[PDB]
Amino acid sequence: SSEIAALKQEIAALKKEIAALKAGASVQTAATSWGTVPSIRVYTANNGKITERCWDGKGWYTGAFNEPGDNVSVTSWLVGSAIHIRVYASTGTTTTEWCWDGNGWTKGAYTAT
Amino acid sequence: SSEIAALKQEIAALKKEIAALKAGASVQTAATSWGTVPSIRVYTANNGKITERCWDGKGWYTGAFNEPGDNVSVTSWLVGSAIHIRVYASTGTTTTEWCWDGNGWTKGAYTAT
Amino acid sequence: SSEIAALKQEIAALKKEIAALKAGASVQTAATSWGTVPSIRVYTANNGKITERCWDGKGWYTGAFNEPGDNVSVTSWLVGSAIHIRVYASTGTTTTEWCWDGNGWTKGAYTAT
Ligand SMILES: OC[C@H]1O[C@@H](O)[C@@H](O)[C@@H](O)[C@@H]1O
Ligand SMILES: OC[C@H]1O[C@@H](O)[C@@H](O)[C@@H](O)[C@@H]1O
Ligand SMILES: OC[C@H]1O[C@@H](O)[C@@H](O)[C@@H](O)[C@@H]1O
Ligand SMILES: OC[C@H]1O[C@@H](O)[C@@H](O)[C@@H](O)[C@@H]1O
Ligand SMILES: OC[C@H]1O[C@@H](O)[C@@H](O)[C@@H](O)[C@@H]1O
Ligand SMILES: OC[C@H]1O[C@@H](O)[C@@H](O)[C@@H](O)[C@@H]1O
């Protein structure tokens, strides 16, 4: 029938969008580095869950940071040799900040407004 | 009817993908910092509109930067105590650069090719 | 047709999602800068292909870096005047790191686990 064909053509054009939206949806990474060695941290936001890989000159290992998010951005600064890191984990419209300051990750004061 | 069932099954498999892709599409952040205090700037690209939160040691407030974009990246350097910031705002395939150099945001020379 | 209207209404609500997912799908950028001049590098991940634009104080030109990825993050550090740049290109779940250390991009040790 022609009535059944109209929905068949509509379902063929709509399945064409479902492949282009799954082709672009990869992970989402943030990296910062400090010192002369250096030291590197790479935050990987995979499936609404962020994790932290670390380089200290020798090899790579898994850092402590373990927080939820779809998008991540990071900045770090030294006060002498001590590294201060701020990771910004985004879910929906809720950017939530995390703070490393030598011994422990803590939720930060950061508010979007 | 079996002719009405073929579209019911096809519509059940297609509608399942449209909800999960919209559920995971979150906002997108860039951050930079400078000095010892420090000073931080977080740019948040939400609904094709980027905005700038600031921290200068006391609390968080809203910065001047107000430009359109779906994706943002940022880098900053000091010439002494003066901060220079370049924010790269992306819409479609048009990366457009915004320069802060002490007094006023301006469009930068940046061309993708 | 009343029998064919059930899929016509389902297609009217599902085409109500493919416009908003194609409106927000822009390119994805990552910038870093060093020195006092400065020198900037902006990496642009477009259509699973990343490219590198360079500013060294004169105008913008096209950098060597030419690797595949849908998402990109960058950090860099100086050992004296020499720049070292690690770019983290992401496809699917495969974060693959690229290293610049003066003469040549090389695949780096980085492993996600
Ligand atoms: O040495 C490993 C630790 O390094 C710190 O600077 C932080 O990045 C922690 O998240 C990490 O667990
Ligand atoms: O000590 C925690 C505080 O650190 C500051 O540098 C900022 O990042 C604040 O958002 C945070 O609450
Ligand atoms: O002090 C607030 C101002 O700080 C500057 O360095 C810039 O980041 C401006 O966008 C901001 O309005
Ligand atoms: O002064 C504005 C200029 O600043 C330079 O450092 C670059 O960022 C250029 O793209 C920009 O046009
Ligand atoms: O001078 C151009 C070169 O600069 C280097 O520092 C790297 O960024 C290369 O990718 C680039 O080709
Ligand atoms: O020299 C190459 C090496 O550089 C280090 O700083 C790390 O980025 C390693 O992942 C990489 O293998």
# chains A, B, ... in the order shown; residues from 1 in each chain; ligands from 1
>>> residues_around(residues="residue C:72", least_positions_apart="3", cutoff="7 Å", atoms="only C-alpha atoms", output="list in words")
residues 29 of chain A; 29, 30, 45, 69, 87, 88, 89 and 90 of chain C
>>> select_by_dssp(residues="chain B", states="strand (DSSP E)", output="number ranges by chain")
B: 28-34, 39-45, 50-55, 60-67, 71-79, 82-91, 94-100, 105-107
>>> residues_near_ligand(ligand="ligand 4", cutoff="9 Å", atoms="only C-alpha atoms and all ligand atoms", output="PDB file with C-alpha atoms, in the first residue's frame")
ATOM      1  CA  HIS B  84      46.027  37.904  28.772  1.00  0.00           C
ATOM      2  CA  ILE B  85      43.162  35.452  27.938  1.00  0.00           C
ATOM      3  CA  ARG B  86      42.098  33.892  24.576  1.00  0.00           C
ATOM      4  CA  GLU B  97      38.559  33.801  19.061  1.00  0.00           C
ATOM      5  CA  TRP B  98      37.968  36.430  21.824  1.00  0.00           C
ATOM      6  CA  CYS B  99      40.923  38.376  23.363  1.00  0.00           C
ATOM      7  CA  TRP B 100      41.113  39.897  26.884  1.00  0.00           C
ATOM      8  CA  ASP B 101      44.263  42.061  27.407  1.00  0.00           C
ATOM      9  CA  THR B 106      37.755  41.915  21.224  1.00  0.00           C
ATOM     10  CA  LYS B 107      37.432  39.473  18.263  1.00  0.00           C
ATOM     11  CA  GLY B 108      40.870  37.920  17.515  1.00  0.00           C
ATOM     12  CA  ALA B 109      42.701  37.379  14.183  1.00  0.00           C
ATOM     13  CA  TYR B 110      42.190  33.594  14.610  1.00  0.00           C
ATOM     14  CA  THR B 111      41.173  31.917  11.295  1.00  0.00           C
TER      15      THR B 111
ATOM     16  CA  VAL C  37      55.024  36.480  23.111  1.00  0.00           C
ATOM     17  CA  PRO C  38      53.235  34.235  23.396  1.00  0.00           C
ATOM     18  CA  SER C  39      53.197  31.078  21.247  1.00  0.00           C
ATOM     19  CA  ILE C  40      49.647  29.564  21.009  1.00  0.00           C
ATOM     20  CA  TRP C  55      50.438  31.779  16.459  1.00  0.00           C
ATOM     21  CA  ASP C  56      54.109  32.759  17.135  1.00  0.00           C
ATOM     22  CA  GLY C  57      53.652  36.571  17.203  1.00  0.00           C
ATOM     23  CA  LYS C  58      53.148  37.441  13.489  1.00  0.00           C
ATOM     24  CA  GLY C  59      50.002  35.751  12.079  1.00  0.00           C
ATOM     25  CA  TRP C  60      48.254  32.326  12.155  1.00  0.00           C
TER      26      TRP C  60
END
>>> closest_residue(among="A:18, A:4, A:31, A:79", to="ligand 2", atoms="only C-alpha atoms and all ligand atoms")
A:79
>>> calpha_fit_and_write(fixed="chain C", moving="chain A", output="compact mmCIF listing (two decimals) with N, CA, C and O atoms, in the first residue's frame")
# COMPACT_ATOMS: atom_id res chain seq x y z
N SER A 1 -7.08 7.58 7.16
CA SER A 1 -7.32 6.55 8.24
C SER A 1 -6.69 6.97 9.56
O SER A 1 -5.57 7.53 9.59
N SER A 2 -7.15 6.34 10.68
CA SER A 2 -6.60 6.60 12.04
C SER A 2 -5.35 5.75 12.27
O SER A 2 -4.42 6.24 12.94
N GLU A 3 -5.26 4.61 11.57
CA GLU A 3 -4.11 3.68 11.69
C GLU A 3 -2.87 4.31 11.05
O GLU A 3 -1.79 4.23 11.67
N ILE A 4 -3.07 5.09 9.99
CA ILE A 4 -1.96 5.74 9.23
C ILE A 4 -1.56 7.04 9.94
O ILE A 4 -0.39 7.44 9.83
N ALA A 5 -2.49 7.61 10.72
CA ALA A 5 -2.28 8.91 11.40
C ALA A 5 -1.37 8.72 12.62
O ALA A 5 -0.73 9.71 13.03
N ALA A 6 -1.45 7.55 13.25
CA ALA A 6 -0.66 7.24 14.47
C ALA A 6 0.83 7.25 14.14
O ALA A 6 1.63 7.60 15.03
N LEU A 7 1.19 6.78 12.94
CA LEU A 7 2.61 6.73 12.48
C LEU A 7 3.03 8.12 11.99
O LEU A 7 4.17 8.53 12.29
N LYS A 8 2.07 8.89 11.46
CA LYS A 8 2.31 10.27 10.98
C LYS A 8 2.66 11.18 12.17
O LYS A 8 3.58 12.01 12.03
N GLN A 9 1.99 10.97 13.30
CA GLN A 9 2.21 11.78 14.53
C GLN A 9 3.52 11.35 15.20
O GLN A 9 4.27 12.24 15.65
N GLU A 10 3.86 10.06 15.09
CA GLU A 10 5.09 9.49 15.69
C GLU A 10 6.31 9.99 14.92
O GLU A 10 7.29 10.41 15.57
N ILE A 11 6.17 10.15 13.60
CA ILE A 11 7.28 10.59 12.70
C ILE A 11 7.47 12.11 12.86
O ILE A 11 8.62 12.56 12.73
N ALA A 12 6.43 12.80 13.33
CA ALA A 12 6.47 14.27 13.52
C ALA A 12 7.18 14.60 14.84
O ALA A 12 7.94 15.59 14.87
N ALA A 13 7.04 13.72 15.84
CA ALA A 13 7.62 13.93 17.18
C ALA A 13 9.09 13.49 17.18
O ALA A 13 9.89 14.11 17.91
N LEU A 14 9.45 12.58 16.26
CA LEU A 14 10.81 11.97 16.21
C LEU A 14 11.74 12.87 15.39
O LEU A 14 12.91 13.01 15.78
N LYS A 15 11.18 13.59 14.42
CA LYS A 15 11.93 14.59 13.61
C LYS A 15 12.23 15.82 14.47
O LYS A 15 13.14 16.59 14.11
N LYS A 16 11.60 15.90 15.65
CA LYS A 16 11.76 17.05 16.58
C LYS A 16 13.06 16.88 17.38
O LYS A 16 13.54 17.88 17.95
N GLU A 17 13.59 15.65 17.43
CA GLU A 17 14.82 15.34 18.20
C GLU A 17 16.04 15.47 17.29
O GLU A 17 17.11 15.87 17.79
N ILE A 18 15.82 15.37 15.97
CA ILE A 18 16.93 15.27 14.97
C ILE A 18 17.50 16.67 14.73
O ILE A 18 18.68 16.76 14.31
N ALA A 19 16.75 17.71 15.10
CA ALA A 19 17.16 19.12 14.89
C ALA A 19 17.96 19.61 16.10
O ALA A 19 18.87 20.44 15.91
N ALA A 20 17.62 19.11 17.29
CA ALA A 20 18.25 19.56 18.56
C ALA A 20 19.62 18.88 18.72
O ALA A 20 20.51 19.50 19.33
N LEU A 21 19.82 17.76 18.03
CA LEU A 21 21.08 16.97 18.11
C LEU A 21 22.05 17.44 17.02
O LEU A 21 23.27 17.31 17.23
N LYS A 22 21.53 18.17 16.03
CA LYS A 22 22.36 18.75 14.94
C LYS A 22 22.63 20.23 15.24
O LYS A 22 23.29 20.89 14.41
N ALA A 23 21.97 20.77 16.27
CA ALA A 23 22.12 22.18 16.68
C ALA A 23 23.26 22.31 17.70
O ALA A 23 23.77 23.44 17.87
N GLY A 24 23.56 21.22 18.41
CA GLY A 24 24.60 21.22 19.46
C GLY A 24 25.91 20.66 18.96
O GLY A 24 26.92 20.80 19.67
N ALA A 25 25.86 19.87 17.88
CA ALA A 25 27.05 19.18 17.33
C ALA A 25 27.89 20.15 16.50
O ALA A 25 27.73 20.16 15.26
N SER A 26 28.63 21.04 17.17
CA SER A 26 29.65 21.90 16.51
C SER A 26 31.02 21.21 16.57
O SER A 26 31.09 20.08 17.09
N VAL A 27 32.08 21.91 16.14
CA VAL A 27 33.48 21.44 16.31
C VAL A 27 33.77 21.28 17.81
O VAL A 27 32.90 21.67 18.62
N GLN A 28 35.03 21.00 18.15
CA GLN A 28 35.48 20.90 19.57
C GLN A 28 36.98 21.24 19.63
O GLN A 28 37.75 20.63 18.87
N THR A 29 37.32 22.32 20.34
CA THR A 29 38.66 22.96 20.25
C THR A 29 39.44 22.69 21.55
O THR A 29 38.81 22.73 22.63
N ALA A 30 40.77 22.65 21.45
CA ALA A 30 41.67 22.75 22.62
C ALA A 30 42.82 23.71 22.30
O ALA A 30 43.20 23.80 21.12
N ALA A 31 43.20 24.54 23.28
CA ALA A 31 44.28 25.55 23.11
C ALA A 31 45.26 25.47 24.28
O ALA A 31 44.83 25.04 25.37
N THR A 32 46.55 25.65 23.99
CA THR A 32 47.58 25.92 25.03
C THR A 32 48.52 27.02 24.53
O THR A 32 48.45 27.35 23.33
N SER A 33 49.17 27.72 25.46
CA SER A 33 50.11 28.84 25.14
C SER A 33 51.31 28.80 26.09
O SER A 33 51.21 28.12 27.13
N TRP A 34 52.45 29.33 25.64
CA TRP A 34 53.69 29.39 26.46
C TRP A 34 54.46 30.68 26.15
O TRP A 34 54.30 31.20 25.03
N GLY A 35 55.44 31.01 27.00
CA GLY A 35 56.38 32.12 26.76
C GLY A 35 55.73 33.47 27.04
O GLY A 35 54.57 33.47 27.49
N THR A 36 56.35 34.54 26.53
CA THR A 36 55.94 35.94 26.86
C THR A 36 55.31 36.59 25.62
O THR A 36 54.85 37.74 25.74
N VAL A 37 55.38 35.90 24.48
CA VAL A 37 55.12 36.53 23.14
C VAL A 37 53.61 36.71 22.96
O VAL A 37 53.16 37.80 22.64
N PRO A 38 52.80 35.65 23.16
CA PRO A 38 53.31 34.32 23.46
C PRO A 38 53.51 33.46 22.20
O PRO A 38 53.37 34.00 21.12
N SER A 39 53.56 32.14 22.38
CA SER A 39 53.23 31.17 21.30
C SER A 39 51.96 30.40 21.67
O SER A 39 51.77 30.10 22.86
N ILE A 40 51.02 30.32 20.72
CA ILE A 40 49.70 29.64 20.94
C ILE A 40 49.57 28.48 19.95
O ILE A 40 49.91 28.68 18.77
N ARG A 41 48.88 27.41 20.37
CA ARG A 41 48.43 26.33 19.45
C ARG A 41 46.96 26.00 19.75
O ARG A 41 46.60 25.98 20.94
N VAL A 42 46.12 26.00 18.70
CA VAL A 42 44.67 25.70 18.83
C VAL A 42 44.36 24.44 18.02
O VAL A 42 44.63 24.44 16.80
N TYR A 43 44.01 23.34 18.71
CA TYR A 43 43.69 22.05 18.06
C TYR A 43 42.18 21.96 17.83
O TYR A 43 41.40 22.15 18.79
N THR A 44 41.77 21.75 16.57
CA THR A 44 40.34 21.75 16.17
C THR A 44 39.96 20.34 15.68
O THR A 44 40.61 19.86 14.74
N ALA A 45 39.11 19.65 16.45
CA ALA A 45 38.62 18.30 16.09
C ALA A 45 37.31 18.42 15.29
O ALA A 45 36.27 18.71 15.91
N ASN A 46 37.42 18.42 13.96
CA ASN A 46 36.25 18.54 13.05
C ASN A 46 36.08 17.22 12.29
O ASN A 46 36.98 16.87 11.49
N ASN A 47 34.91 16.58 12.42
CA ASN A 47 34.54 15.38 11.63
C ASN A 47 35.61 14.30 11.82
O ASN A 47 36.33 14.01 10.84
N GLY A 48 35.80 13.86 13.06
CA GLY A 48 36.74 12.76 13.39
C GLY A 48 38.11 12.99 12.76
O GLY A 48 38.62 12.04 12.13
N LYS A 49 38.55 14.25 12.71
CA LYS A 49 39.88 14.62 12.16
C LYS A 49 40.36 15.92 12.83
O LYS A 49 39.60 16.90 12.79
N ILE A 50 41.48 15.86 13.54
CA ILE A 50 42.00 17.01 14.35
C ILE A 50 43.11 17.70 13.55
O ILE A 50 44.00 16.99 13.04
N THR A 51 43.17 19.03 13.65
CA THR A 51 44.23 19.85 12.99
C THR A 51 44.69 20.95 13.94
O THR A 51 43.89 21.33 14.83
N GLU A 52 45.80 21.62 13.60
CA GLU A 52 46.56 22.47 14.56
C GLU A 52 46.92 23.80 13.88
O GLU A 52 47.51 23.75 12.78
N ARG A 53 46.37 24.90 14.39
CA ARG A 53 46.75 26.27 13.96
C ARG A 53 47.71 26.88 14.98
O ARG A 53 47.48 26.68 16.19
N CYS A 54 48.65 27.71 14.52
CA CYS A 54 49.81 28.16 15.33
C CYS A 54 49.93 29.69 15.28
O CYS A 54 49.98 30.23 14.15
N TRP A 55 50.20 30.31 16.42
CA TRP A 55 50.57 31.75 16.50
C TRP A 55 51.93 31.90 17.19
O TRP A 55 52.17 31.18 18.18
N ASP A 56 52.85 32.64 16.55
CA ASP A 56 54.25 32.79 17.04
C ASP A 56 54.58 34.28 17.14
O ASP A 56 55.74 34.60 17.48
N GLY A 57 53.56 35.14 17.07
CA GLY A 57 53.69 36.59 17.32
C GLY A 57 53.32 37.40 16.08
O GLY A 57 53.17 38.63 16.21
N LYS A 58 53.40 36.77 14.91
CA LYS A 58 53.29 37.47 13.60
C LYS A 58 51.86 37.29 13.06
O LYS A 58 51.17 38.32 12.90
N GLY A 59 51.55 36.09 12.57
CA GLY A 59 50.19 35.72 12.14
C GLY A 59 49.86 34.28 12.51
O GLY A 59 50.69 33.64 13.19
N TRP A 60 48.76 33.75 11.96
CA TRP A 60 48.37 32.32 12.15
C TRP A 60 48.84 31.50 10.95
O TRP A 60 48.60 31.93 9.80
N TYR A 61 49.26 30.25 11.21
CA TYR A 61 49.59 29.27 10.14
C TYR A 61 49.15 27.87 10.59
O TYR A 61 48.65 27.73 11.73
N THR A 62 49.37 26.86 9.74
CA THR A 62 48.94 25.47 10.00
C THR A 62 50.12 24.66 10.54
O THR A 62 51.21 24.75 9.94
N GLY A 63 49.97 24.09 11.74
CA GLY A 63 51.00 23.24 12.36
C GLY A 63 51.02 21.84 11.76
O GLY A 63 50.02 21.48 11.10
N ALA A 64 51.98 21.02 12.18
CA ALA A 64 52.24 19.69 11.56
C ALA A 64 51.15 18.70 12.00
O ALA A 64 50.90 17.74 11.25
N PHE A 65 50.67 18.84 13.24
CA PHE A 65 49.80 17.82 13.88
C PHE A 65 48.60 17.53 12.97
O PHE A 65 47.83 18.46 12.67
N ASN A 66 48.38 16.24 12.67
CA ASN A 66 47.30 15.80 11.75
C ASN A 66 46.89 14.37 12.11
O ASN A 66 47.57 13.43 11.66
N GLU A 67 45.98 14.23 13.09
CA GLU A 67 45.62 12.91 13.68
C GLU A 67 44.10 12.82 13.81
O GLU A 67 43.42 13.83 13.87
N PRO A 68 43.54 11.59 13.86
CA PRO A 68 42.09 11.41 13.91
C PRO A 68 41.54 11.51 15.34
O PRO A 68 42.14 10.95 16.24
N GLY A 69 40.34 12.08 15.48
CA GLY A 69 39.69 12.26 16.80
C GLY A 69 38.40 13.06 16.69
O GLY A 69 38.39 14.03 15.91
N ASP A 70 37.47 12.82 17.62
CA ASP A 70 36.19 13.58 17.70
C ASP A 70 36.29 14.61 18.83
O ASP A 70 35.50 15.57 18.82
N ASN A 71 37.07 14.29 19.87
CA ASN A 71 37.29 15.19 21.03
C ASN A 71 38.80 15.29 21.31
O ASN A 71 39.51 14.31 21.03
N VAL A 72 39.27 16.48 21.69
CA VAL A 72 40.72 16.76 21.88
C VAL A 72 40.91 17.55 23.18
O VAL A 72 40.05 18.40 23.49
N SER A 73 41.93 17.18 23.97
CA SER A 73 42.45 18.03 25.07
C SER A 73 43.98 18.09 25.00
O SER A 73 44.59 17.08 24.58
N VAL A 74 44.58 19.15 25.54
CA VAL A 74 46.02 19.47 25.33
C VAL A 74 46.59 20.09 26.61
O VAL A 74 45.93 20.99 27.17
N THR A 75 47.83 19.75 26.95
CA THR A 75 48.66 20.53 27.91
C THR A 75 50.09 20.63 27.38
O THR A 75 50.45 19.81 26.51
N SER A 76 50.77 21.74 27.69
CA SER A 76 52.18 21.97 27.27
C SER A 76 52.99 22.51 28.46
O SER A 76 52.36 22.94 29.45
N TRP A 77 54.30 22.27 28.44
CA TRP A 77 55.23 22.79 29.48
C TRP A 77 56.59 23.12 28.84
O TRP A 77 56.90 22.54 27.78
N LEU A 78 57.32 24.08 29.42
CA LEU A 78 58.68 24.46 28.95
C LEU A 78 59.74 23.73 29.78
O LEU A 78 59.70 23.86 31.02
N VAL A 79 60.76 23.19 29.11
CA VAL A 79 62.07 22.84 29.75
C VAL A 79 63.13 23.82 29.24
O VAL A 79 63.65 23.59 28.13
N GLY A 80 63.25 24.98 29.89
CA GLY A 80 63.91 26.16 29.32
C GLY A 80 63.02 26.88 28.32
O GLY A 80 61.85 27.13 28.66
N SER A 81 63.48 26.98 27.06
CA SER A 81 62.72 27.66 25.98
C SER A 81 61.99 26.62 25.12
O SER A 81 61.20 27.02 24.25
N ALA A 82 62.38 25.34 25.26
CA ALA A 82 61.82 24.24 24.44
C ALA A 82 60.43 23.87 24.96
O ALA A 82 60.32 23.49 26.14
N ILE A 83 59.44 23.85 24.07
CA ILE A 83 58.03 23.51 24.43
C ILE A 83 57.84 21.99 24.31
O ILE A 83 58.44 21.40 23.39
N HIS A 84 57.27 21.38 25.36
CA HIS A 84 56.74 19.99 25.29
C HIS A 84 55.20 20.03 25.32
O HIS A 84 54.66 20.80 26.14
N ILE A 85 54.57 19.42 24.32
CA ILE A 85 53.08 19.42 24.18
C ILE A 85 52.58 17.98 24.20
O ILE A 85 53.15 17.15 23.46
N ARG A 86 51.44 17.74 24.87
CA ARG A 86 50.73 16.43 24.84
C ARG A 86 49.27 16.66 24.42
O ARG A 86 48.61 17.50 25.06
N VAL A 87 48.89 16.12 23.26
CA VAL A 87 47.50 16.22 22.73
C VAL A 87 46.80 14.87 22.92
O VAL A 87 47.39 13.84 22.53
N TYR A 88 45.58 14.88 23.46
CA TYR A 88 44.82 13.64 23.78
C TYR A 88 43.59 13.55 22.88
O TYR A 88 42.65 14.35 23.06
N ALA A 89 43.68 12.72 21.83
CA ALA A 89 42.64 12.61 20.79
C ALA A 89 41.70 11.44 21.12
O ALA A 89 42.21 10.35 21.44
N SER A 90 40.39 11.72 21.19
CA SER A 90 39.39 10.74 21.68
C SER A 90 38.49 10.30 20.52
O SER A 90 38.00 11.18 19.79
N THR A 91 38.42 8.98 20.27
CA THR A 91 37.46 8.38 19.31
C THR A 91 36.79 7.17 19.95
O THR A 91 37.52 6.34 20.53
N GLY A 92 35.46 7.19 20.04
CA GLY A 92 34.68 6.15 20.75
C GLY A 92 34.97 6.15 22.24
O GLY A 92 34.56 7.12 22.91
N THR A 93 35.86 5.26 22.68
CA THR A 93 36.34 5.21 24.08
C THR A 93 37.87 5.12 24.10
O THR A 93 38.44 5.08 25.21
N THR A 94 38.50 5.31 22.94
CA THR A 94 39.97 5.19 22.79
C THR A 94 40.61 6.58 22.77
O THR A 94 40.62 7.21 21.69
N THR A 95 40.86 7.14 23.96
CA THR A 95 41.83 8.26 24.14
C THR A 95 43.23 7.80 23.72
O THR A 95 43.83 7.00 24.46
N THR A 96 43.79 8.44 22.69
CA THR A 96 45.16 8.14 22.20
C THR A 96 46.01 9.42 22.27
O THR A 96 45.50 10.48 21.85
N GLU A 97 47.13 9.36 23.00
CA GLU A 97 47.96 10.55 23.31
C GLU A 97 48.98 10.77 22.19
O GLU A 97 49.52 9.77 21.68
N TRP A 98 49.29 12.04 21.88
CA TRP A 98 50.38 12.40 20.94
C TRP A 98 51.34 13.37 21.62
O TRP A 98 50.86 14.35 22.23
N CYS A 99 52.64 13.25 21.31
CA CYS A 99 53.72 13.96 22.04
C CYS A 99 54.57 14.77 21.06
O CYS A 99 54.96 14.20 20.02
N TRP A 100 54.64 16.09 21.27
CA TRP A 100 55.66 16.96 20.62
C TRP A 100 56.78 17.27 21.62
O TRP A 100 56.46 17.59 22.78
N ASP A 101 58.04 17.10 21.20
CA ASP A 101 59.22 17.28 22.08
C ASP A 101 60.38 17.86 21.26
O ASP A 101 61.54 17.72 21.70
N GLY A 102 60.05 18.68 20.25
CA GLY A 102 61.04 19.54 19.57
C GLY A 102 61.13 19.22 18.08
O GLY A 102 61.38 20.16 17.30
N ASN A 103 61.16 17.93 17.74
CA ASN A 103 61.31 17.47 16.33
C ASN A 103 60.54 16.16 16.15
O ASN A 103 61.16 15.09 16.29
N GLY A 104 59.21 16.24 16.01
CA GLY A 104 58.37 15.11 15.57
C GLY A 104 57.23 14.84 16.54
O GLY A 104 57.49 14.81 17.76
N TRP A 105 56.04 14.57 16.00
CA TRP A 105 54.91 14.00 16.79
C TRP A 105 55.06 12.48 16.90
O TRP A 105 55.02 11.82 15.85
N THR A 106 55.01 11.96 18.13
CA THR A 106 55.07 10.49 18.38
C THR A 106 53.87 10.08 19.24
O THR A 106 53.35 10.95 19.97
N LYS A 107 53.31 8.89 18.97
CA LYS A 107 52.28 8.26 19.84
C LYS A 107 52.86 8.09 21.25
O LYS A 107 54.08 7.87 21.36
N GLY A 108 52.06 8.41 22.27
CA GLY A 108 52.51 8.40 23.67
C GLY A 108 52.15 7.11 24.38
O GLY A 108 51.20 6.44 23.92
N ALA A 109 52.72 6.89 25.57
CA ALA A 109 52.53 5.64 26.34
C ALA A 109 51.11 5.60 26.91
O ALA A 109 50.76 4.58 27.54
N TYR A 110 50.41 6.73 26.87
CA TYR A 110 49.15 6.93 27.65
C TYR A 110 48.21 5.75 27.39
O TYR A 110 47.89 5.47 26.22
N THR A 111 47.71 5.14 28.47
CA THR A 111 46.63 4.11 28.40
C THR A 111 45.52 4.47 29.39
O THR A 111 45.85 4.82 30.54
N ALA A 112 44.26 4.35 28.97
CA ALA A 112 43.09 4.78 29.77
C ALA A 112 42.99 3.92 31.04
O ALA A 112 42.31 4.35 31.99
N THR A 113 43.52 2.69 30.98
CA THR A 113 43.56 1.77 32.15
C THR A 113 44.87 0.98 32.13
O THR A 113 45.06 0.09 31.30
>>> select_by_dssp(residues="chain B", states="helix (DSSP H, G or I)", output="list in words")
residues 2, 3, 4, 5, 6, 7, 8, 9, 10, 11, 12, 13, 14, 15, 16, 17, 18, 19, 20, 21, 22, 23 and 24 of chain B
